[PDB]
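Here we start with a single chain on its own, the form deposited in one PDB entry, put down as structure tokens.
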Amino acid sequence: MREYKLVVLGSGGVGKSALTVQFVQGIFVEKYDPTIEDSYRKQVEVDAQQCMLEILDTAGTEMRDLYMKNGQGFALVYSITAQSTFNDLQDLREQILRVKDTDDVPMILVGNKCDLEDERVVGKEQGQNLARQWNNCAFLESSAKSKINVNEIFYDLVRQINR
């Protein structure tokens, strides 16, 4: 069983923790507890293989360089509710490319909180638009709350890492 070091990144409040905890624990985190740094472990099956995921859940408002050096795959999370969270993702992407010193980094753009369709500031099209600008990146709209596209985030990263 291969080990996969995954890192969830993005600005404060986007639902990095909510997504992770939903994926690993099948629980929806209601309260907002700003994260320092959490690590979770979960065995999954991606493409007929057992994988051990170690998932690092990072602080939004915050050792970043270290995470990027160590991580194999990066979930880049914004909230469709909050425009600045989307804006911030360009720098993270460019930092990761810098630190890893390569274009070819397993990576997914994740538009979270797709259950607050009402409060949606960021559009789905801008989402998908951003991802193509990023070397035909992967893109998902997700909800930690509704359990939509939660697992796919992580499986997609495994696949990419395996490529």
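Heads up, when I say rigid core I mean the largest set of C-alphas that superpose within 1.5 Å between the two forms. One rule holds for the numbers: they count along the sequence shown, beginning at 1.
- Of the other entries compared for this protein that flank it with modelled residues, a third or more give no atoms for residue 137.
- When the other compared entries with both flanking residues are checked, residue 49 is unmodelled in at least a third.
- According to the entry, the stretch of the deposited sequence that connects residue 30 to residue 31 contains no residue lacking coordinates, so the chain runs unbroken between them.
- Of the two segments, 107-115 and 123-131, the one listed with the higher mean B-factor is 123-131 (C-alpha atoms only).
- The mean Cα B-factor in the deposited entry runs higher for 97-105 than for the other of 97-105 and 47-55.
- Among the modelled residues of the chain, residue 72 sits in the lowest third by CA temperature factor in this PDB entry.
- Split the chain's modelled residues into thirds by C-alpha temperature factor. Residue 1 is in the highest one.
Below: the form deposited in another entry, not depicted.
- Once you line up the core between this form and the one not shown, the Cα of residue 29 ends up 2 Å or more from where it was.
- With a cut-off of 2 Å and the rigid core superposed, residue 38 has a Cα displacement that reaches or exceeds the cut-off between this form and the one not shown.
- Panel note: the distance between the CA atoms of residue 34 and residue 124 is larger in that other deposited form than in this form, the difference being 3 Å or more.
- In that other deposited form, the Cα-Cα separation between residue 21 and residue 34 shrinks by 3 Å or more relative to the displayed conformation.
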